[PDB]
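**Q** The following block contains the structure, expressed as structure tokens.
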Amino acid sequence: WXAXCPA
Amino acid sequence: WXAXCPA
Amino acid sequence: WXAXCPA
Amino acid sequence: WXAXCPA
Amino acid sequence: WXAXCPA
Amino acid sequence: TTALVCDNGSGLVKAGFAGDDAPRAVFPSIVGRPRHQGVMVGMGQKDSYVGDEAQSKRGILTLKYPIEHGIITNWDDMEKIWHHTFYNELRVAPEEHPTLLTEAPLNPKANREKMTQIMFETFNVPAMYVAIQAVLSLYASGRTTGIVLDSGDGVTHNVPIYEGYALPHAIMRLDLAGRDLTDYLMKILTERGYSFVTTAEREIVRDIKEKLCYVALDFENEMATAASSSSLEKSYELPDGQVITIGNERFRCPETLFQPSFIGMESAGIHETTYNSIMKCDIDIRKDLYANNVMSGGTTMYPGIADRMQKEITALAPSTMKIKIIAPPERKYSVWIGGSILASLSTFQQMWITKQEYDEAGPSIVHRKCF
Amino acid sequence: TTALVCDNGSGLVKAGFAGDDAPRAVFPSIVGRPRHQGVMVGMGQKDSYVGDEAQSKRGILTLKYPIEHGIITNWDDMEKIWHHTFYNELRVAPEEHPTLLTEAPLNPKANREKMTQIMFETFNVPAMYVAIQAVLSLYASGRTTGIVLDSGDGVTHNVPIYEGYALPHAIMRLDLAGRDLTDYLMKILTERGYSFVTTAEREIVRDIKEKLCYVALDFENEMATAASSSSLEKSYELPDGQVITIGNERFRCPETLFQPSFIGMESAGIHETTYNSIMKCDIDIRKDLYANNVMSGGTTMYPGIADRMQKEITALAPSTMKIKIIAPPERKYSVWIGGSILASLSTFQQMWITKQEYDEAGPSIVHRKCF
Amino acid sequence: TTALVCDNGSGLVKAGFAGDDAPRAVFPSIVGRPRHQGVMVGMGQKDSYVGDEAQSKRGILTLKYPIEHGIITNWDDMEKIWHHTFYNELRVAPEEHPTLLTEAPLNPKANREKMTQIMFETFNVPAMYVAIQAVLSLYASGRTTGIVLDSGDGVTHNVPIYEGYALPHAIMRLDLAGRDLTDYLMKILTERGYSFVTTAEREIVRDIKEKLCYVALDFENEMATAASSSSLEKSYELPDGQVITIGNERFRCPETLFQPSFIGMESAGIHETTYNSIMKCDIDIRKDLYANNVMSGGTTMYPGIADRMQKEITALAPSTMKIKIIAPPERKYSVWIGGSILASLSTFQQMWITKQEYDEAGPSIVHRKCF
Amino acid sequence: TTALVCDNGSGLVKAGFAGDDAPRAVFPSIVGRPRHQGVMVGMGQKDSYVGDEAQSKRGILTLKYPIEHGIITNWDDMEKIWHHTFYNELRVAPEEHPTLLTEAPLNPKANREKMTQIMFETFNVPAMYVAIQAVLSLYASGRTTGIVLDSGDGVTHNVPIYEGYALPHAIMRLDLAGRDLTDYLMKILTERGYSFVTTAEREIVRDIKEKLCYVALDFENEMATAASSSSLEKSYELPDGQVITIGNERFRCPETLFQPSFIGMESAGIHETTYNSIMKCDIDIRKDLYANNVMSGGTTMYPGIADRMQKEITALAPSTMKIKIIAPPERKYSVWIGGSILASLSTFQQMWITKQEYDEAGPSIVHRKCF
Amino acid sequence: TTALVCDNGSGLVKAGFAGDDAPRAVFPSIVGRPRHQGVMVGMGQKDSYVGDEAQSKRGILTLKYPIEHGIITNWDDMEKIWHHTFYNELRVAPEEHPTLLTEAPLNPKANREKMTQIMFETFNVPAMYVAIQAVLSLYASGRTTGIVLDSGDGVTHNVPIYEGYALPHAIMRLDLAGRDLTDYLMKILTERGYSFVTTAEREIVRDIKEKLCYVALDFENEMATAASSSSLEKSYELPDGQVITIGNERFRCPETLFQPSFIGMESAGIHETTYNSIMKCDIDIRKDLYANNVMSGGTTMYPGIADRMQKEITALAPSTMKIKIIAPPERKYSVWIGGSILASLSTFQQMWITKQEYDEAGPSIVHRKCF
Ligand SMILES: Nc1ncnc2c1ncn2[C@@H]1O[C@H](COP(=O)(O)OP(=O)(O)O)[C@@H](O)[C@H]1O
Ligand SMILES: Nc1ncnc2c1ncn2[C@@H]1O[C@H](COP(=O)(O)OP(=O)(O)O)[C@@H](O)[C@H]1O
Ligand SMILES: Nc1ncnc2c1ncn2[C@@H]1O[C@H](COP(=O)(O)OP(=O)(O)O)[C@@H](O)[C@H]1O
Ligand SMILES: Nc1ncnc2c1ncn2[C@@H]1O[C@H](COP(=O)(O)OP(=O)(O)O)[C@@H](O)[C@H]1O
Ligand SMILES: Nc1ncnc2c1ncn2[C@@H]1O[C@H](COP(=O)(O)OP(=O)(O)O)[C@@H](O)[C@H]1O
Ligand SMILES: [Mg+2]
Ligand SMILES: [Mg+2]
Ligand SMILES: [Mg+2]
Ligand SMILES: [Mg+2]
Ligand SMILES: [Mg+2]
């Protein structure tokens, strides 16, 4: 992901 | 009646 | 009223 | 209804 | 809640 | 074959056959029609009801009386009632028997004439005769001398007869009668919160009148008694289960016959018209009339009316004169009974007006009085 | 000091002082109580509202009328209204002035008796007198001869007077009145999808009636006109901003006065009871009555009702007879005005029933009519 | 060929053929549409569901009732239901048979008019007729005299009939009905933590009501009993397996019919409107009505409602009056049955409104009442 | 001594003393417990954190809300929060002061009952009273007539009051509230690659919502604007220094209040429930309600929500009706303020439920409403 | 010509042609590059390896997964894998066939958008469509109603569908999946002296997991059993011939799905999210969902996971509710199979997004859902 978690 | 009183 | 009609 | 109450 | 919805 | 008698008085129809000791068919002269809504003409409904039918279902009917003050006002309905009698109450063919009708004295000539036209047109009455109600009453008493006070619903009248000779100059008539008493009562009941205004309600009032009213001997003292707490009040249960209490109306109503001014009339009281009628007659008759006052008709059915009249006339008449009020148990049917008797007499037979004569001589024949 | 007049009719209270040319306090005879929830008795709430108070807040109140058909049914509330008048509307001490009350004819005796008991107990009215509404109306017109049709909300009545002599035998009364017209209208509005069922909603209907209804000259042709596309429809804005359209109800409603059968009553139309009342009266009066028909009361406020009645009576009456309908701009207050006049008269003064007399003679005194 | 009857009341559709002793197709008047997401129009989905279809899949549908308080509000959906009936439930061609419809009294004229337009346009009904539900109920009982309390889901009404003559002046109507009882119950269940808010959930509440509610004979004492630890509580298993316990709601709900104030209405209780309706009627009818109270409709299916009403009226009515509540095992289908009977009558036949007449005379014909 | 007010709504606790113009202690209704590892019970650790403590250290805590949709689900934690208030935030002895609590309308009876049990057991509150949040809001406005839309985090409700008389039949409630808006936002942020899933992360989303969301006047056109390149996007810096960009979510979120279908609910929008509630009320009230819409609660804090509602109601209401949205600068604390006022009133004093009464009468007393 | 399906899930690529009963090409979603030294660019070396190539030579490669948690993080490598598929594994020209892709629900919009850009740019796919993995799984089962738990390597998700109507409001997602289980196992193996830290070593751990792990029915008792000397330990031979012994890790690993707290997550266990998802759905659906739990995805391949879930849900659900876990032999390929079916449907055909449309309408089209 972009915010929260990686991906 | 016709004149005086109804009947 | 008392008898006939309400009032 | 139209006036008073819904229906 | 108890029935319907959680709470 | 067997002459029949039809005392179709103004308000109640009493019919039967001559020779019988009582009427065979007695029912109200009422025609009723659906009030609240028109008739479902393509379905099992009924346009009008007559007599007891109408009375029984009066809650949804507008009731009318074809006859008012002894005068037929609605011929269509009158006709209908006669139809009802012959085919529903007596259930006989009218063309098979002579018809004795009754009539109050001093009516429009056209009243009588139209009745006979119908009897010789709508019906095919072989022969018929119209007689005065008071006269017939006297025959029922079987007395040859007296003065008769016949007071029905629509009309009150007074006819003196001496030794079998009618005195057709002192016949008196009032339109004051049972119908007015009913109306008056109905009105004054308003004072106690009892409202009766519909025609059906009127009918109820009539019943009340007949069961609770009585004639006070001394009206003024009776009022004083009623004013004090007393036992004069009576209860009455209305058709719907309600109970009403009637007080001094129990005599303020019938009192009107002795004081017509209560309803705005100039007429003298019935005790005064009786007295006056006697005064109009020859002094050598008077005594016999005083001892033979014959009362008849439903409005003389009130408890104590004879006693009241006894008192009233006594006051008006000479102190050496014996006043006697005759008031048989059967006053209600006196006229009809008289008709039964008269119709069965062998000499009477010659007075029947035949259809033949009617057709030949014409309508004027109905006023003949050859006897 | 200054006699005051209280035309506490069945539906609207019109009070003021004698000598004034108009009522001082006019407000509905309504007592209203909180509908949806009981009253917060320990907080700033109010148990009941009266007149304009109740009307103003009617959305949350159940409204009642203490008086029905001219008979007081709820004495507690009646008392409350009188209280409201004296202390909130006129704001005077009742023990300082004579009180002229009005009453519809033919009420239960107890109605009058109880009112006077209150006036001489709850209040301390020096002296008082109860008069018939129609009679007072005639005084307002200032005419000595005529027949008065007073038709308010709870009751309609008809009283003939000739040359200053009342004719207390042809007084007629119907319980058909403005209240029934309101109810009827309310009912038939259902046809257009307008539902009014609560008491507050009833009040709205009343307003509509008063503003849009009129009396058709020829009802049947008026119906035909309404059936076709036309200008008869009118709009009306309801309190919440909605707009409703009224069509033929604008005359199907008031028509009921001429055809009582619409609501299931046997009563003759008001034009027929007028006519009949005249027929019940002496032939030498009749002519004068025909030329002096005085209408009064709020239900005669409909546009063209006079013209309609003119037409209706004309048909019933003789062709050589002049029919004249009198219908002053101020019909609505006719009775009150009449009271003002009467109370101010020097001869009238001797008829006041004093508390002293009430206490001595007792309740029966309220029915005296010595004049 | 064979007239069919469609009691499309507000809430439940009961249709079948005349002559049958029971409806052929009974299903809810419900149209349901996908709630959570729009329809996959290019795939095997279905835009809407009707009756049992909708009810079965209600978990994902928003359910609507085309009819509210006896008034059709959504014609598109109404039309759809009629379609569903003819082609899915009865599966017959509507143009082959006469159609007898039912209707609650006192509706907007346009309701009826629009229905007939559809029946003579969307459908090609040969001929049709619209009858009042309560009237038909009386035919089912086979009694000629009585007063009918028909209380369905959307509307409650009361119609007195005497000896085959309808009394169209004392017809009363309340919009208080089963729908409101359902809503009320649904609301008060909140007290026990049971929340039902969606339309589908409403449907569940309806079921509960029908199975657990009963009418307390003495509400106040019943409350006291419920307050104490008792056996009044009942269990009920919800569709998802959960079990709920219902206590005093088992009678606080149906009680509303006797105390409309619970939901903010000014309406008198049904026992009072029954009584009052009788009071509005002629005194010579009253007795017969008291002995013939006919109840019909699904909201009269509550255990002991007859006994409760028996008690309530007994208190209001005279002590000498016999009160009799008639409540047949089949109240639920009374109206439909009545329709079956009426449609099969030989005289009834002449009242069918033909398409021909509709086209010629026009829409106004639907309000005729010649019979 | 000095009554205190505790608006322990579902989500945020606002407490203070009556007479103060603002709450003294405002902190989240949150209890947090160590997530990643159990507590070192023999060392200086802390089992749980409350309010701002928990929020401050939320990175290692699992946060829970004792109250959901206005219903207390976790009594142990609820108790703990009240403890925290009295001893850490206000730092007063609870047995020294009366306690005014607030509550959303239509809760399980047990909710209230259990709270009072605690207040008279765990604590020793002298006396207490539970009031409806919307009602109190109206007191804060100081208006006697209006309709209140109180929409907090766990619950939204709507209460009409007319002239100081509550209308307890049109109280409506939705479980749609700020909590759902938060959740929804959190979900749709996924579209931009922003993942928030932990409870602590939820808390962050809440903050974002409060700072960037606004209510579009015309949602559809607002979407079109957002679709085009525009200035609607805003930046926001996350706790760890990252910056995120919010686009059309800035209004797609709060829009849900006007279109509940976004989250799968059948509920009408808040502008529709407002309107409908008014329609359920008596026509003579409606106008006043339209001009007095009072909004309160944190979810009404969105920029332009008043304008949006103004528009929405305007469309639904009659064109001649004046719609007025009241939305004071202090909506967030309206309820608390109302409590301050009420508690300080001299008449209010008589409604306190004492421990004495609780012990004597028992738990049922908490539902009294004598006022 | 023949639509092809590419279930390019996060971790394993399963591709084939529609109509086939099994995937044609199945290989890891891995791109590997030389670790120890740069590439001899002027000699016969190879810069990168894909799928089985990389796996086979992993000893000298650093392996990467382009896709993480269902989100493509490395587009260059993703592109490379698609290339590898089309030209090395299927060996077909991509421009000749429609492409059905799969995707986990709730991804950044840009994920989908970028994929389609590539498919219409790097490749020249005629038309394509992106579908949700769980939905397709349901098609494979052939059931129209159920709830699907699809749990792959990078992501776990849960989608309820009722009677062919998706319920897009209760879709849940966890990033907890097979990848995390692998990592966790890898970590806890440290306890026995087994160190796996390189990417290639990770791959080995994956294999172990798949062969020795199973789901304990009763975890706590299983632990007790493992604590005692037992037969739970299993041997496993590593690639280099060494043999390792696995004990309680054989179930402490997969247990994490039921207790996410093991790896520091707040997520509820998969049995709880299943249950909760059902609770979020309408009560009339719930029953059907309980009897149709469909599991799919490689992480549901553990021995006894169905039995464990059966137990767990049974405890949470009502005792009268029938819980049924559906877990077909082919769970591993369920999604791909579903794709095969869907692609072959005649109605599906209309949903293909053509290049033409993409070019005209633009990227936003990929989120359409007309069906
Ligand atoms: N017992 C009674 N008491 C008083 N009036 C009676 C009684 N019976 C009948 N009547 C009255 O007599 C009238 C009818 O009797 P009747 O003399 O036969 O009338 P008519 O001769 O006019 O037909 C009615 O006015 C009726 O009320
Ligand atoms: N302009 C009007 N048109 C029609 N009816 C009216 C009008 N004004 C008043 N009314 C009706 O008159 C009645 C009240 O007037 P009023 O005669 O004073 O009543 P009451 O004398 O019974 O108090 C009500 O029925 C009211 O609707
Ligand atoms: N056994 C029952 N107990 C209580 N209410 C019932 C029962 N059966 C049906 N109902 C109610 O009756 C209504 C429907 O019945 P019905 O009279 O046919 O309605 P309608 O005539 O309006 O179509 C609904 O309100 C339903 O809940
Ligand atoms: N400025 C704001 N804008 C939008 N929402 C807000 C704002 N301030 C508070 N809220 C929301 O209001 C709710 C809490 O406010 P409040 O009305 O006090 O809740 P409650 O009364 O339920 O305790 C939360 O949902 C919070 O996000
Ligand atoms: N027999 C098995 N037992 C346990 N896990 C397995 C088994 N087979 C495959 N897996 C796991 O399933 C995941 C890959 O399967 P799959 O569901 O196709 O993944 P995706 O759908 O994400 O491509 C990996 O985490 C793999 O370890
Ligand atoms: Mg006689
Ligand atoms: Mg008047
Ligand atoms: Mg019904
Ligand atoms: Mg709040
Ligand atoms: Mg998968």
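Think of each number as a place in line: the chain as shown, counted from 1.
Header says: electron microscopy, 3.3 Å.
Using N, Cα and C of the backbone, Cβ positions are placed for all residues, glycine too.
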**Q** What range among G:29-41, G:55-67, G:68-80, G:354-366 does Swiss-Prot record as region 'Interaction with alpha-actinin'?
**A** G:354-366
**Q** Swiss-Prot lists region 'Interaction with alpha-actinin' for one of the ranges G:8-21, G:92-105, G:106-119, G:260-273; which is that range?
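**A** From Swiss-Prot, the annotated region 'Interaction with alpha-actinin' range turns out to be G:106-119.
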**Q** Based on Cβ atoms within 10 Å, give me the single least packed residue among the modified residues G:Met40, G:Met43.
**A** G:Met43
**Q** I need to check the long-range neighbours of the region 'Interaction with alpha-actinin' (G:106-119): which residues 6 or more away from its ends have a CB within less than 8 Å of a CB in the stretch?
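**A** The answer is 70-72, 75, 79, 82, 99, 125, 128, 130, 157, 171, 173, 353, 358, 363, 366-367.
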**Q** Specify the count of other C-beta atoms within 10 Å of the C-beta of G:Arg173 (ADP-ribosylarginine).
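**A** For G:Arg173 (ADP-ribosylarginine), the 10 Å Cβ neighbour count is 21.
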**Q** Going by DSSP, is G:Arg173 (ADP-ribosylarginine) sitting in a helix, a strand, or coil?
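**A** Looking at the DSSP assignment, G:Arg173 (ADP-ribosylarginine) belongs to a strand.
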**Q** Look at each of the modified residues, G:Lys57, G:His69, and point out the one with the fewest other Cβ atoms around it within 10 Å.
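**A** The modified residues G:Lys57, G:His69 were compared, and G:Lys57 has the fewest Cβ atoms within 10 Å.
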**Q** For chain C, which of the modified residues G:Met40, G:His69, G:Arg173 fall under 8 Å by Cβ?
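**A** Near chain C - Cβ to Cβ under 8 Å - we find G:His69.
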**Q** Taking the Cβ of G:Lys80 (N6-methyllysine) as the reference point, list residues of the same chain whose Cβ is under 8 angstroms away and which are at least six residues distant in sequence.
**A** G:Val31, G:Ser48, G:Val50
**Q** How far is it from G:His69 (tele-methylhistidine) to G:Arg173 (ADP-ribosylarginine), counting Cα to Cα, in Å?
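**A** G:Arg173 (ADP-ribosylarginine) has its Cα 10 Å from the Cα of G:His69 (tele-methylhistidine).
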**Q** Compute the C-alpha separation of G:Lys57 (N6-malonyllysine) from G:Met43 (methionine (R)-sulfoxide), stating it in Å without decimals.
**A** 18
**Q** Could you state the whole-number distance in Å separating the C-alpha atoms of G:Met40 (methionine (R)-sulfoxide) and G:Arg173 (ADP-ribosylarginine)?
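**A** With the alpha carbons as reference points, the distance is 45 Å.
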**Q** Counting each residue once, how many in the region 'Interaction with alpha-actinin' (G:106-119) are helix, strand and coil under DSSP?
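**A** Secondary-structure composition of the region 'Interaction with alpha-actinin' (G:106-119): 11 helix, 0 strand, 3 coil.
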**Q** Could you give the Cα-Cα distance between G:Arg173 (ADP-ribosylarginine) and G:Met43 (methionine (R)-sulfoxide), in whole Å?
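**A** Answer for this pair: 48 Å between alpha carbons.
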**Q** According to DSSP, which of helix, strand or coil covers G:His69 (tele-methylhistidine)?
**A** coil
**Q** How many of the residues that make up the region 'Interaction with alpha-actinin' (G:354-366) does DSSP mark as helix, as strand and as coil?
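**A** When I sort the residues of the region 'Interaction with alpha-actinin' (G:354-366) into the three classes, I find 11 helix, 1 strand, 1 coil.
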**Q** Out of the modified residues G:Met40, G:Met43, G:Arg173, which are near chain I, with a C-beta less than 8 A away from one of its C-betas?
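**A** In terms of proximity to chain I, the modified residues that count are G:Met40, G:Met43, given in sequence order.
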